[PDB]
Each structure stands twice: as C-alpha cells, then as structure tokens.
Amino acid sequence: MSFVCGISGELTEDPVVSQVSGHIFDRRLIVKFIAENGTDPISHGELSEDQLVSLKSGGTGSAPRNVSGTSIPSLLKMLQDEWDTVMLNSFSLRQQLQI
Amino acid sequence: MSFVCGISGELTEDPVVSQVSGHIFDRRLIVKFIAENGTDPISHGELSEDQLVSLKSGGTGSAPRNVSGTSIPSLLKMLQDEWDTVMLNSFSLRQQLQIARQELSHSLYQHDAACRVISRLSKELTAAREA
Amino acid sequence: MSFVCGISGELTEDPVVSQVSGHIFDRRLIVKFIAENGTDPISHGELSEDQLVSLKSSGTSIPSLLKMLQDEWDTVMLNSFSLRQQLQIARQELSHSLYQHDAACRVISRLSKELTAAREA
Amino acid sequence: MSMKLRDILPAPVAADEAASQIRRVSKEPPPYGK
Amino acid sequence: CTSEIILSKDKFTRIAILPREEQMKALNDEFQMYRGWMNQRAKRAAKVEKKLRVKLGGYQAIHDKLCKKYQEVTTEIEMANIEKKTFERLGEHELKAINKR
Amino acid sequence: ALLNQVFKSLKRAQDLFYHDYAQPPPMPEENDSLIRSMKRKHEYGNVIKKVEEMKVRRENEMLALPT
Amino acid sequence: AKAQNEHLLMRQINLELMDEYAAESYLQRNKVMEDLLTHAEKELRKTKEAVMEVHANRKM
Amino acid sequence: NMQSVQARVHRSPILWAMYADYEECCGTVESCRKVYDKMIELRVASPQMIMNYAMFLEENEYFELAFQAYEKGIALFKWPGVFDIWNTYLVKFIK
Amino acid sequence: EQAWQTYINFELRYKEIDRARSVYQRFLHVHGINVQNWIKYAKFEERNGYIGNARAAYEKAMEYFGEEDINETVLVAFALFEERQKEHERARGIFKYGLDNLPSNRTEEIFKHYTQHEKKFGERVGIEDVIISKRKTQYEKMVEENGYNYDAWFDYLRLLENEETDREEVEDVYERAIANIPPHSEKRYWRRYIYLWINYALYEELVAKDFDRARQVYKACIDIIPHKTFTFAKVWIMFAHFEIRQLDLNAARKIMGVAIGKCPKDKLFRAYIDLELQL
Ligand SMILES: O=P(O)(O)O[C@H]1[C@H](OP(=O)(O)O)[C@@H](OP(=O)(O)O)[C@H](OP(=O)(O)O)[C@@H](OP(=O)(O)O)[C@H]1OP(=O)(O)O
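- Structure determination for this PDB entry was carried out by cryo-EM, with a resolution of 3.0 Å recorded in the header.

Encoded structure:
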C-alpha cells in the first residue's frame, strides 16, 4: 500500500496517523515534530507519541534506479546533486516567507 | 481516492483506520462488518464504533508530494542495500579464503615428503648393490 | 556501548545476538543472511528470524560527510577486491600443493616398486 | 492455494504458439461548409 | 608476501631488492595492468549503458512529461484552493454588506 | 619463522600459474549469484507486480476463479 | 585502481539486473504516475467547479 | 489446404507393416521400436502388429519391453479384439 | 446443463470454436461445481488442439477445487491427458502427487491408472514399486474389512518378506496379525491361525536373527493357547527344538516337561522321546 508523508512529501516505509488528524506521517519525522512542539503539525491540536495508529500494511517499495545510478560513485554524485537542490529549495522557502 | 481497500480491492472514498487494524477499510464497509461480524476483517480483534478514525488530505502546511523519483532517503536506502550486499559477499569470500588458506597450511608436507624420498632412494641405492 | 557485528566487523547501531551461536550481529545483516542462507553465519546451525535477541543500546558538514562516504566506499571495495585476489592466490597455492602431493605419490609409488627388484635379482 | 501443481511438476516441451495460446465500409460526408 | 612479491625481469621478485628504476618500471606496469582491467570493464559497462539509455529513454521521456504536467496541475490546484477560501470569506463579508446597504 | 616457507610456496605457485597472472582475479559463481539473489529480493522486489500483470492477463480472457 | 575495479564490477552486475527489470519497473512507475496525474486532474476539475459555484452563489 | 489424399495417407496400415518389416530387416532394435511405437501412437497397428512387435522384442530378448508392447496393445483395442493379446500376454509372462 | 451443451454444440456446428470456448468459460462459472464440466472443457480444448488451454484448464480446475478436497477425478484426468501428450514425467508427477494427499480411500482409482502408466515406462523399478505398493494398500483394505482374514495376513506377510521390508514394519504387521485370536475357542478354527505365530518365530529366528526375541514369540504363543482344552504339539515341539539350537537343554526339557504336565499328548511324547534318543 503506497503512502507518502505529510511532513516531507516523500514515500514512507513506516506510515503512521495521528488520532487528532486524518493526515499520515513517517514515524521518525512526526516523533521529532512531537518531541519539539507537542502538537499535530496540520491541525495544531495537542498530540502525544502514544496517540498514533500504525498503518502497518506493506510499505512503498524502492524506486527504480536511474541509469546513472547503477554505480556507487555515480550514486554519490547523484546524492550530492540531489542534496544541493534540497538545500536551495529550503533556502527558497525562507526567502519566499520574507517576501 | 487513491487508497485501495484491502478487503474489497477497490478505491476508497471514505478511508477508515482503527487501532487494532492495519489495512484500510471503507466506512460504508466496516459498519456493516461490525454489525454482522463485530470482528476485525484482518486481525480478528474486537471492533467498536469509538475505534474508527477517518483520514483526510489537503490541510494547511501539507508538503507537496515529490514525484521526481530521486530522493535523499531512497538514495541512502539503496546505498545501504549496496553495503549489506558487499559485506555479505565479502563475508563469504573471507570464509572461502579462510578454508582454502587453512587446508593448504595443513598440507605443507613438501619438506617432510622430500626427506622420505631421500630416505627411500638411499635405501634403494644400497638395495641396488647388495644383490 | 560499542558492539561489533560478527559479519561486518564494524560497529552497529542495532546490535543483535543469535541464540544458536552467541555471536553478535547487526539485525539487518543477519536477517538478510537468514533470508538467503537460513543458517547461523558462524556456527552453521539452523537459524530463524524469531531467534534473534535484541541487545540494549551530531554531523559536521554535508560535503564532508559525502567525502567520508567516498573514501569509506573505496576502502570497502578495496577489501572486496583484495579478498578475491587473495582467494585465487589461495586456490593457486592449494592446487600447486596438491600437485606436489600427487607427484610425490607417483615418486613414492615408483620408488617402492623399484625397491622390489633387489629381492628378485 | 498458490504453488503446488503449477510449480512442482516440471515444465512441458515448448513456449511455441499453441503454448502461447492466450484465447487465440461506408461513405463519409464532405466536411462542414465545403 | 602479497605486498612484497611483484614481477620483474620476466620473473617473480622481492620488490625491496630491485633497483629503484626497476621498482618504477615494475610498479608502472603493475599500475597499467590494473588500469587495463578497468578499461576492459569500463568499455563493457559503457556498452551496456548505451543500450539501456536508448532502451529506457522512451519510458523516461514519458515520465519527464508527466512530471511537468503534474507540477503544473498541482500548482494550479494550490492557487485554486487559495482562491476558494478567500472568495468564501469574502462572500461572508459581502453578505454583511447586503444587510448594511 | 613461517615466512620463509610461505614465501617459497607462494613463489612456486605464482610461477606455475605465470601465464594466468595477466588475468583479473575471478568472481566465484556462488558469490556472483548471491549478489544477484539479494538484489532480486531487496531492490527488484517489485517483480511481484510483474506476475500480477501476468495474472491479470490470465484472469481476463480465461477461466473461473475459485469457489 | 583496485577499488575502481570493484565499482565497475558492481556496475556490471547492476546493469545486467537493470537490463532484466528496468523496462518493467519503469512501465510500472509510469502507470502509477499516470494514476497520480488523472487523480490530480480529477481534483482540478472538482475544485474549478467549486470555485465557479461560489461565484454563482455570490452573484445569485 | 489439407487435401484428403495426402492428409489421409499416413494412416497407412499396409505401408506401416511394410516399413516395420524393413526395420526388422535393417533397422536394429532401437529404430525398430520407434517405428512400432509411432504405429501405436497413430492407432494404425493391428493386434497382429502388436503381437509381431512383441515377438520381435522377445526374439531380441528385450522380454520386458515385449510385455509393455502387449500392455500398450491392450490399451489400444477393446474386446473381442484384445482377447488374442491377453492370451499371448498372460501365457508369455507366466512362463 | 443441457442448455449450455446445446449452445456449445450449436457454435461447434458453425465451427466458431473460439465463441464456443467463450460459452464453456461462462458455463464453468455457473456450473463448475461439477467436475465433469471441467473435464469436458479440457477435452474440448485438447481435441481442437489448443493444448496449452487444456493444461491451463486442468491446472485451474485443481486450483479451483483446492488443496484439501482434492477432486482427484480431475487429477487422474489431468494425469491421463499428460500421458496422452507423452509428457510422461508430468504424468508420473500428477499420479505421485495424488498418492500422498489421497492416501487411503481415493488412491484406489489412482493406483489402477498409475500402475497402467508405469506398465510401460516403469519396467524395471517403476512396475514392481507400484504393484507392490498397490498390493500393500490392497491387503490393508482387507485387514480393515476383516482382521479375522488370516489368508489376507499370510499373503500380506509374503509380500513384505519378499520386499525385504524394514524389520520394525514387518514386526508391526505380524503383531497386528497375531492379535486376531479366534472367537470360537475350538481347535478346528485355530489350525490356520497357529501358523501366523509359527511364521513370526521363523522370521525372528531366520531373518531378524534375534533369538532372544524369538523366545518371547513362543512364550507369548503358549500363554495364548487354551491348553486345558487343546494344544498344538507343533508349538511345544518347535519351542523345544529352538532352545536346543541355543544349546540350552535345561530350557528345552522344561518346555517339553510342562508340555506333558499340562496336556499329555502323543505327539509330545514321541518328540520328547526322539529328542532324548538323539541326546
Ligand atoms: O494327536 P496325535 O495323535 O499325536 O496326532 C498328531 C497331531 O494331531 P491332532 O490334531 O489330533 O492333535 C498333530 O496335530 P496338531 O496337534 O499339531 O494340530 C498332527 O499335526 P498336523 O495337524 O500338522 O497334521 C500330527 O500329524 P503330522 O505328524 O503328520 O504333522 C499328528 O500325528 P500322527 O501322524 O501321529 O497322527
């Protein structure tokens, strides 16, 4: 059963749902959110780590490789180029929030 | 809606989760299932109307789904799968090297086989002449 | 505490022990070993995923961590290559040793037959 | 219900075409205006 | 021994006993041997890669087109959902204006 | 010390296999296959959906499902 | 040079496996991607109608 | 198109009997068996041809193959025609 | 049923055969609880020459009926189809697979086809295996009907001894046979039953060569005969001579001594006297 995390927008191998919202999350991400803010990330209700229901069906399988991803150094090249886009996207958001 | 019911095999418009469940159910499915069965379709836990919670999407802040296929998690995942494979390969190579290296160390008779040949031939060289 | 996996020889974040041997493994490697070989990697006894017992348990810079992955990956692959190179050398030494043994058996056979002639001259 | 007879026994002889088997005019008006 | 034994002068030799220039020749040819094995593999890898690039490029071009379409559609949905909520809130303010006028 | 006997034994073994020295070290068939089998399990596990697509071609245009 | 020989060897194994399964899994990926797009276009059509209804309710 | 003259022609009991006789003469055993076994598969063989086939294998002393030649003949025909095969099969086995 | 068969036959007269195939597939959905519809469908595919469909039809029929309630008339039909193809390795496999899950009751059909199958191709090892194992289960049917059928036990024990069956199985079969003590307690009925013990002592002495266990066979035998009503002098004689083969005259004399003491009988006196004369 294919699922995606509401926090990151990526696939998740371990989907989980808060009792105080309908939205679904990757477990390690939402726990860190709860650990800082103690609240539902979308409904802003009070939330605790025991108010989670585990969507323990079969998680999303791996994406296929790109043809350039068939080698370990080219995966490291691909990982570096991926990271630069993620960093600059995060930088674009804080610029956009100021604007 | 893109969630497919684990029982009916068709796409939901009313997804429901309960604390003893794990596969998704429709609201219009589970309530009749509670009435006839009273029983979880998959785990056979007891079902009650307070357990069911319904899923929603499109709330404020919800991140856009990454569709580009590449991602940092998936690359770190497959790099981890490479590492697991290479260590299990290296382990079976290291095991085979240990076995081969072990028996060739035990098989080092060459110097002692040679002394037996010397002992045998020096006997032969006397046996060849006492006749 | 630092725990070392018997398969990888490296630290693990999730140490696991197998009751069939008492050796410590990374949970993910041993499950993949079981899922491929079905055996204990050290004792060769039958092993299954339910038999594992769990043991108890900052960043620097992203280009720096990526360069650690590069240098570390080259080290792991250097290990994998040198194992294959050393394995063939072990097989070449072994086949030579068996050839020395079998040739020595031919010599000892030959000489022991020739030594019968002195009893019938 | 998954394997037994289909997967145990061996294979038969061929992947051929019987083994592949898988269930094996008017006028038109001229156009508007013209 | 695996560090010490390298061929020279058409024989296997102890690396430490050779003249320095003979060590350079031995290590150079040892280097060129491994780079030969790399080149033999790399040309084969490039050959299979080139086949995969043209074999899979059509599936990739379809996925690339769908990504551009999907980004356009979801950004349109984003703006439309914004517009729904303001016009709904504006519709409430206009309803109060009706009563005032 | 063992080093002398090791050296002489290795040197003779290398010399006997001298014509093979230019060949790269092999990958054993057991080791090559266990890499591929792990890759088929953990990476290409989506082949489960390949046989479901093959199943769909059997369920469409063919016989009855169990009762 | 020893390390690169293994990276190329693992590349060969990956490419040979990729040659068996990429053509299907890419087709499988594209099918899911088409499902996402048609679901998103279904949402786009639904919300465009909802936006036009608010204009009609206001105009009415 | 399956023109009936050639399409029938391999149902050739006169000709299969002539072919089998030449394989006894010149074939050696293993080719001769294939010819008779094909003649069974076609259902061209008479009960006389099953008994001839068994007597060939018996005269070669492949006695066990003779018994199955009878057995396969018994699968081919039905009563009364099997009766001579059973008579020969059961007495030959019994001895 | 007859409505679908008439519609199928209608399309066959046109030679529409793929449309006729559509009718069968719908026919099996409604009716397919009945095996014969599947076998007739597979025969329809076979005779047209679609044989890939015919394999699929049988294999789906087995999957349809399941793993446990094996509809084995399908399984035999599937086996014999593959036999007709010359798939014969498959045909053994189907028969052999059936024998396991079917083992007592339904195998009676399997074995008659399976033994015909092997009668060609089995010839050295396959014929004798299936016929003996057929015979073995066939004698066990006779024993389930009547454990008092001594002639079925003797014929069964003959088969297992010629098999050179493992000793513990032959002991279990002798001890099952022996427990069927005649209900009449008059010697006219025991005359066949008593050799069911003597054969056991001969097997233990000659084949198992466990002389200390052949003592127990005779003691168990003599503890079962109703001596104060009649005796088998054969038993007392054979038990006496057995201990002489163990060189134990003291045991042999005790056996013959209690023989005369319990039931003084002419055959005992003659045997005891002839023994002491030889001694
Ligand atoms: O009682 P006896 O006059 O000594 O006769 C015995 C005895 O016959 P009974 O049935 O009358 O006892 C034996 O029979 P069993 O007690 O052993 O059953 C019998 O043995 P068979 O039944 O095996 O014939 C034997 O005959 P044989 O010695 O030929 O075995 C025969 O002895 P006679 O020949 O002296 O009558």
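1. Re the overall build of chain G
Thought 1: When helices and strands are tallied, chain G shows one helix and zero strands.
Thought 2: Expressed along its principal axes, the backbone C-alpha trace of chain G runs to roughly 80 × 25 × 5 Å.
Thought 3: Out of the 60 residues belonging to chain G, those deemed buried represent 52%.
Thought 4: Approximately 3,200 Å² of chain G is accessible, and the part contributed by carbon and sulfur atoms is 55%.
Thought 5: Side-chain charges in chain G split into 10 positive and 11 negative, and the spacing between the mean points of these groups amounts to 11 Å.

2. Points about the interface of chain H and chain I
How big an interface is tends to be stated in terms of the accessible area lost upon association of its parts.
Thought 1: Contacts between chain H and chain I engage six residues on the former and seven residues on the latter.
Thought 2: In this assembly, chain H packs against chain I so that about 650 Å² is buried in total across both faces, 49% of it on carbon and sulfur atoms.
Thought 3: Contact with chain I buries area across many residues of chain H, yet H:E64, H:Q68 and H:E71 alone supply 67% of it, more than any other trio.
Thought 4: Applying the counting rule to chain H against chain I returns two salt bridges.
Thought 5: Where H:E41 meets I:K86, a salt bridge forms, and the shortest distance between an N and an O atom there is 2.6 Å.
Thought 6: Connecting chain H to chain I are two residue pairs in polar contact.
Thought 7: With four residues, the top contributor of residues to the side of chain H that touches chain I is helix α5 (residues 63-76) of chain H.
Thought 8: Residue composition of the side of chain H that touches chain I, by class: no nonpolar, one polar and five charged.

3. Overview of the packing of aromatic side chains
The relative placement of two aromatic rings is captured by the distance of their centres and the angle of their planes.
All names here are of chain H.
Thought 1: Counted according to the given criterion, the structure contains 39 aromatic pairs over all chains.
Thought 2: For the ring pair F67 and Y89, a centre distance of 6.2 Å and an interplane angle of 35 degrees mean the geometry is tilted. One end of the pair, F67, is in helix α5; the other, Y89, is in helix α6 (residues 83-94), and 22 residues separate them in sequence. Taken individually, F67 and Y89 each receive the classification buried, so the pair is uniform in this respect.

4. Focus: the interface of chain E and chain G
Thought 1: Each side of the interface is counted separately: chain E has 32 residues, and chain G has 32 residues.
Thought 2: Connecting chain E to chain G are five salt bridges.
Thought 3: In this structure, G:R11 engages E:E49 in a salt bridge whose closest nitrogen and oxygen atoms are separated by 2.4 Å.
Thought 4: At the boundary of chain E with chain G, the tally comes to nine residue pairs in polar contact.
Thought 5: Considering only residue class, the side of chain E that touches chain G consists of 18 nonpolar, four polar and ten charged.

5. Topic: the arrangement of the chains
Thought 1: Kept free of each other, chain C and chain D leave a smallest C-alpha distance of 20 Å between them.
Thought 2: These two, chain D and chain E, are apart from each other, with no contact and a minimum C-alpha gap of 25 Å.

6. Points about the state of the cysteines
Simply put, disulfide is the name for a covalent bond between the sulfur atoms of two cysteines.
Thought 1: Tallied over the entire structure, the rule returns zero disulfides over all chains.
Thought 2: Take H:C26: it sits in no disulfide, and the sulfur closest to it among the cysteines is that of H:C25, at 3.9 Å.

7. Things to note about unusual backbone geometry
Thought 1: Going from H:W79 to H:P80, the amide bond is cis rather than trans, its omega being -5 degrees.
Thought 2: Structurally, H:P80 can be placed in the loop between α5 and α6.
Thought 3: With a phi close to 70 degrees, D:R23 is a non-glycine residue in the positive phi region.
Thought 4: Examined against the element boundaries, D:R23 turns out to sit in the segment after α1 (4-8).

8. Some words on a positive patch on the surface
Thought 1: Taken together, I:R191, I:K234, I:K267 and I:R270 make up a surface patch of like positive charges.
Thought 2: Position of I:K267 among the secondary structure elements: in helix α15 (residues 266-278).

9. Focus on α5(H)
Thought 1: Over its 14 residues, α5(H) runs 20 Å from end to end, which matches the ideal 20 Å to within 8%, given 1.5 Å per residue.
Thought 2: Every buried residue belonging to α5(H) is among H:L65, H:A66, H:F67, H:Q68, H:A69, H:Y70, H:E71, H:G73 and H:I74, and all of these are buried.
Thought 3: For α5(H), the elements touching its buried residues are α3 (29-41), α4 (47-60) and α6 of chain H together with α7 (107-121) of chain I.

10. Observations concerning the sheet that holds strand β3 (residues 52-54) of chain A
What links the strands of a sheet is backbone hydrogen bonding, and the strands pair in either a parallel or an antiparallel sense.
All names here are of chain A.
Thought 1: Strand order in the open sheet made by the three strands is β2-β1-β3, with antiparallel pairing throughout. At either margin of the open sheet sits one strand with a lone partner, and together these are β2 (24-26) and β3. Across this sheet, the average inter-strand angle for adjacent strands is 40 degrees, counted without regard to direction.
Thought 2: Pairing geometry for strand β1 (residues 15-18) and β2, over three bridges, is antiparallel. Bridge pairing links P15 to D26 in β2.
Thought 3: Packing against the sheet, helix α1 (residues 27-37) makes contact with β1, β2 and β3, and its axis sits at approximately 95 degrees to β2.

11. Looking at a nonpolar patch on the surface
Thought 1: Nonpolar side chains collect at one region of the surface, where B:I118, B:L121 and B:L125 lie side by side and expose about 280 Å² of accessible area between them.
Thought 2: Within the fold, B:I118 resides in helix α3 (residues 110-127).

Rules of the game
Residues numbered from 1 in each chain as written, not as in the entry; some residues may be left out. Chains lettered and ligands numbered in written order. Part of a larger assembly, values for the part shown. Heavy atoms only, no water. Helix = DSSP H or I, 4+ residues; strand = E, 2+ residues; numbered from the N terminus. Buried < 20%, exposed > 50% of the residue type's maximum accessible area, 1.4 Å probe, protein only. Areas by Shrake-Rupley, 256 points an atom, 1.4 Å probe, with all protein chains shown as cover. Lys, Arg positive; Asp, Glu negative; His and termini not counted. Charge placed at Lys NZ, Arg CZ, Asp CG, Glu CD. Contact = heavy atoms within 4.5 Å. Buried area = accessible area lost by both parts, 1.4 Å probe. Salt bridge = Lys/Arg side-chain N within 4 Å of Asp/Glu carboxyl O. Polar contact = N/O pair within 3.5 Å; in protein donor to acceptor, adjacent residues only side chain to side chain. Nonpolar A, V, L, I, M, F, W, Y, C, P; charged D, E, K, R; others polar. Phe/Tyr/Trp six-rings, centres within 6.5 Å; stacked < 30°, edge-to-face > 60°. Disulfide = S-S within 2.5 Å. Patch = residues over 30% accessible without salt bridge, like charges linked within 9 Å, V, L, I, M, F, W, Y side chains within 5 Å. Expected span 1.5 Å × (residues − 1). Pairing = 2+ DSSP bridges. Axes fitted to C-alpha atoms, helices over the stretch in contact; angles between N-to-C directions.

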